[PDB]
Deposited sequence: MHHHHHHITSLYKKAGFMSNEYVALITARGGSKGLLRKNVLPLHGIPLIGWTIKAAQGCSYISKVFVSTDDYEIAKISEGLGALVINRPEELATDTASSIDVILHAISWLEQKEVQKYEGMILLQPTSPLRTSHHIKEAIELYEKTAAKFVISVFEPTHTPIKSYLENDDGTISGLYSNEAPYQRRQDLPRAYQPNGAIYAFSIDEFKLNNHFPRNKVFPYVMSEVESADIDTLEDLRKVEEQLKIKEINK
């Protein structure tokens, strides 16, 4: 089994992917995390921006030049098409890695591929259990009323007595290139969770997010 790492990074309009973090641009961490994992064969950055592509090429990553608020699937399908045409080796699985998740390491990627193999999953998605579990939330009805999202008794039943609810952190998406091509979407069946902490689930959007992560890092 051969895996390819795909890192999707666009340009500014906040140019977050190139923001410095402990002396390496944000995207650098995710390229290095991918490159440092023994299961990853090649690392590709789909970018529409010169600075992202030059940084990427500087760290030994291969640039997928992307054309012109585009769909995320249309980016993966383009990447799959580019890989089919420009690469000799057939890749089994794609490891989609968001450049704004610097706290997701090579170990996380390793453990997520190990689970994708062990469970023989169609899809592995990196998740976290929120502090306020969605399993005890309420859903707004058409009349304006509210009732339990899981069941009517759920907001009142304790956490232990209810099934685990997860939120995606967007750090890792491990899937089969062949299945994705068939559907033109992510697998809706045999989807398994790779559970990470709420701490490790940091998604840099603002400079306060970046500052918290600069501090966190020690």
### Message
Need the unmodelled segments of the deposited chain, numbered from 1, in order.
### Response
1-19, 33-35, 91-95, 246-251
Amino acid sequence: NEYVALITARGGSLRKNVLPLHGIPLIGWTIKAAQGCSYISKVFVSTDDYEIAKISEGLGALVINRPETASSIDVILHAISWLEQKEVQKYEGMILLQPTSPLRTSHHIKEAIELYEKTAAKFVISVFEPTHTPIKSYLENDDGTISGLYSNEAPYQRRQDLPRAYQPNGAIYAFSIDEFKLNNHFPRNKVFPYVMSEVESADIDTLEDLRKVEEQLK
From here on, numbers count along this sequence of modelled residues.
### Query
For the C-alpha atoms alone, is the average B factor greater in 180-188 or in 45-53, going by the entry?
180-188
### Summary
Stretch with higher mean Cα temperature factor, 139-147 vs 76-84, is 139-147
### Query
From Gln98, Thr105, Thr119, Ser126, pick the one with the largest CA B-factor in the entry?
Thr119
### Task
In terms of CA temperature factor as recorded, identify the highest of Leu59, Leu162, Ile64, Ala171.
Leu162
### Task
Taking the chain's C-alpha temperature factors as the reference, tell me which third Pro25 falls into: lowest, middle or highest.
lowest
### Task
Classify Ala70 as lowest, middle or highest third according to the C-alpha B-factor given in the PDB entry, relative to its own chain.
highest
### Task
Classify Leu6 as lowest, middle or highest third according to the C-alpha B-factor given in the PDB entry, relative to its own chain.
lowest
### Task
Name the third of the chain's ranked CA B-factors that contains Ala33, choosing lowest, middle or highest.
lowest
#### Entry: Lowest, middle or highest third - CA B-factor, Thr206
middle
